[PDB]
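Asker: Here's a structure for you.
Methodologically, a virtual Cβ is constructed for each residue, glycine included, from the backbone with ideal geometry; neighbour enumeration extends over all protein chains shown. The numbers here are math on the coordinates, done by the rules we state, and not lab data.
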Amino acid sequence: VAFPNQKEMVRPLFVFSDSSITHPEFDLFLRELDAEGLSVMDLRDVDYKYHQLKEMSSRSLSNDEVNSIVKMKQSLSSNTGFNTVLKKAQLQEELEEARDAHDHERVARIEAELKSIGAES
Amino acid sequence: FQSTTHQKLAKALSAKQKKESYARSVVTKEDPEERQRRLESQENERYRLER
Amino acid sequence: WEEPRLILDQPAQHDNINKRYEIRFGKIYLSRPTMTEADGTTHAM
Amino acid sequence: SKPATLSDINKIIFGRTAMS
Amino acid sequence: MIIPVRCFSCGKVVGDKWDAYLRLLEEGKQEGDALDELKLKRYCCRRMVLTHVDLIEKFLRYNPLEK
Amino acid sequence: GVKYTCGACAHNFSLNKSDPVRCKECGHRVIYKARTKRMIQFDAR
Amino acid sequence: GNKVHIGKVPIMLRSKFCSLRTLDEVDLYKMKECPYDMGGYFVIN
Ligand SMILES: [Zn+2]
Ligand SMILES: [Zn+2]
């Protein structure tokens, strides 16, 4: 984002407040736009944004989109008990595959990884 | 019994039948029926082309 | 491995060429149970 | 081409909960 | 599942003595002596505390369904 | 319009009778309806 | 000539090829499985 008077800034989402914009805030924003020499968004563009938000909020996600969002949050997932159990089970399956294939090098790494992940309370 | 030959024979025959593992484990990453349906689709396509 | 060999023969004459076609069965591989969804993805069950 | 009023901006309020 | 509030036979309140009973058993008292200390004289009331199985401790180990 | 709850991560969301039955965040395939809002009364007997 | 899928075999619970064989007491609780359950059966449909 960017203030008109100030410069560009990268901000996270939680900084924004759910409270509505007050009259002096919008007036100060208009004064900053006039100082920089900019205009306000057109009413046609305002309606286009409103229709875009309503369509996006009322949209129905597809299976592929839902899986992509789930994979994205799984990449963001630091830890979750169900997911840790599933990962440990998958690692155990990979470990038995490596043991049955007589691969003495992979199995040590999988055992070390399981030891690091494990030791619950 | 205390003869070394008898003890070695007993040990060898006891541990010989202990080792028994034929099936080897594997990890499935995709649907096992994917190959069947994709090859059926290719066969149907080439059947149409041949016809 | 009880019946490990299927055999098909064809004494083709159409220069006599005796052709035997045979397939052998090898190892058995097993996995942990898996679940396949309608959208095509798979995961441990 | 008309300027946007306060109510027009209020129609497109997108809260932090809505963002999440 | 969880300790009954009243004795089934006579209706004496026994639901306020479970933690004290566990404390007394922790200190090393015998079960009969612990029941005597809690003033449970009739064997109908002694049966209620002596034969109770605390199943709620097993039910609480499953993760909550709503948060 | 109707609230749900995920069977794995206990997350609350809503459905509009057109989305796939899935959890939004962890993608579990099992969801549960939320408790009603009507008054619930018992006779304590 | 490689691995051909010849079918799916139902798995007996708590056996060497079941997913619950490894899980300890805590993950068994997280998987909504009762620790008093002994296995020895199959789950068909
Ligand atoms: Zn009594
Ligand atoms: Zn979930």
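Asker: On each of the three principal axes of the Cα atoms of chain F, give max minus min coordinate, whole Å, ordered largest first.
Answerer: Between the extreme Cα coordinates on each principal axis of chain F lie 42, 21, 12 Å.
Asker: Filter the cross-link list F:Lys17/G:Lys32; D:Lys11/F:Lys17; A:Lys87/G:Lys16; A:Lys73/F:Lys24; F:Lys3/F:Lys37; B:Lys29/F:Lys17 down to pairs whose alpha-carbon distance in this structure exceeds 21 Å.
Answerer: From the list (F:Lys17/G:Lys32; D:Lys11/F:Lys17; A:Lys87/G:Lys16; A:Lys73/F:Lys24; F:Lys3/F:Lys37; B:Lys29/F:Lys17), the Cα-Cα distance tops 21 Å for F:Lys17/G:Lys32; D:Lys11/F:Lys17; B:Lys29/F:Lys17.
Asker: Can you compute the modelled spin-label distance between B:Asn44 and E:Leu65, with each label point 7 Å from Cα toward Cβ, in nm?
Answerer: Reported label-point gap for B:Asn44 and E:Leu65 is 4.3 nm.
Asker: Still on this structure: Using only Cα atoms, find the angle between the long axis of helix A:23-36 and the longest principal axis of chain A, and express it within 0 to 90 degrees, rounded to the nearest 10.
Answerer: 80
Asker: Follow-up question, since we're still on this one. Nothing charged except the Cβ atoms of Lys and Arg (+1) and of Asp and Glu (-1): what's the magnitude of the dipole of the stretch E:1-66 about its Cα centre? Round to the nearest 20 debye.
Answerer: 400
Asker: Please compute, for peptide G:14-25, the average count of beta-carbon atoms on other protein chains lying within 10 Å of each residue's beta-carbon.
Answerer: Mean partner shielding for this stretch: 3.
Asker: Can you tell me which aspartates and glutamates have their Cα less than 18 Å from the Cα of E:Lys67? Leave out same-chain residues fewer than eight positions away.
Answerer: Once the sequence-local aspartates and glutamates are set aside, what remains near E:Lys67 is F:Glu25.
Asker: Which peptide among E:12-24, G:1-13, A:90-102, A:107-119 comes first, and what is the full order, when sorted by highest mean count of other Cβ atoms within 10 Å?
Answerer: Packing proxy ranking, top to bottom: A:90-102, E:12-24, A:107-119, G:1-13.
Asker: Sticking with this structure for a sec: Rounded to the nearest Å, what's the spacing between the alpha carbon centres of the stretch F:9-43 and chain C? Just the number, please.
Answerer: 46
Asker: Would you please give the residues with an amide H less than 5 Å from that of F:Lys3, counting only those at least 5 places away or on a separate chain, with H modeled from the backbone geometry?
Answerer: F:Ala34
Asker: Would you mind giving the mean number of other chain beta-carbons within 10 Å of the Cβ of each residue in D:1-11, as a whole number?
Answerer: 5
Asker: About its Cα centre, what dipole magnitude does the protein assembly as shown give when the only charges are +1 on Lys and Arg Cβ and -1 on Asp and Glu Cβ, stated in debye to the nearest 20?
Answerer: 1480
Asker: Right, another one. Can you give the log10 of the normalised intensity I(q)/I(0) at q = 0.20 Å⁻¹, computed with Debye over equal Cα scatterers of chain E?
Answerer: Those come out to -0.80, one per q.
Asker: Can I ask one more? For chain B, place one equal point scatterer on every Cα, skip the solvent, and apply the Debye formula. What is log10 of I(q)/I(0) at q = 0.17, 0.27, 0.31 Å⁻¹?
Answerer: -0.74, -0.98, -1.07
Asker: Taking the Cα centre of chain F as origin, sum charge times position over the Cβ atoms of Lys and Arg (+1) and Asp and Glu (-1), and report the length of that vector in debye to the nearest 20.
Answerer: It works out to roughly 140 debye.
Asker: I've got another one for you. Which number comes out as Rg/Rh for chain C once both Rg and the Kirkwood Rh are worked out on C-alpha atoms?
Answerer: In chain C, Rg relative to Rh is 1.36.
Asker: To continue, here is another question. Using the alpha-carbon centroid of each, what span in Å lies between the stretch A:25-40 and chain E?
Answerer: 72
Asker: For E:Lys12, which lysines qualify as cross-link partners when the Cα separation must be under 17 Å and same-chain residues fewer than eight apart are set aside?
Answerer: Candidates past the 8-residue exclusion: E:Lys39, E:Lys41.
Asker: How big is the Rg/Rh ratio for the protein assembly as shown, C-alpha atoms only, Rh by Kirkwood, two decimals?
Answerer: 1.13
Asker: What whole-number value in cubic angstrom gives the convex hull volume per residue for the C-alpha atoms of chain A?
Answerer: Expressed per residue, the convex hull around the Cα atoms of chain A is 230 Å³.
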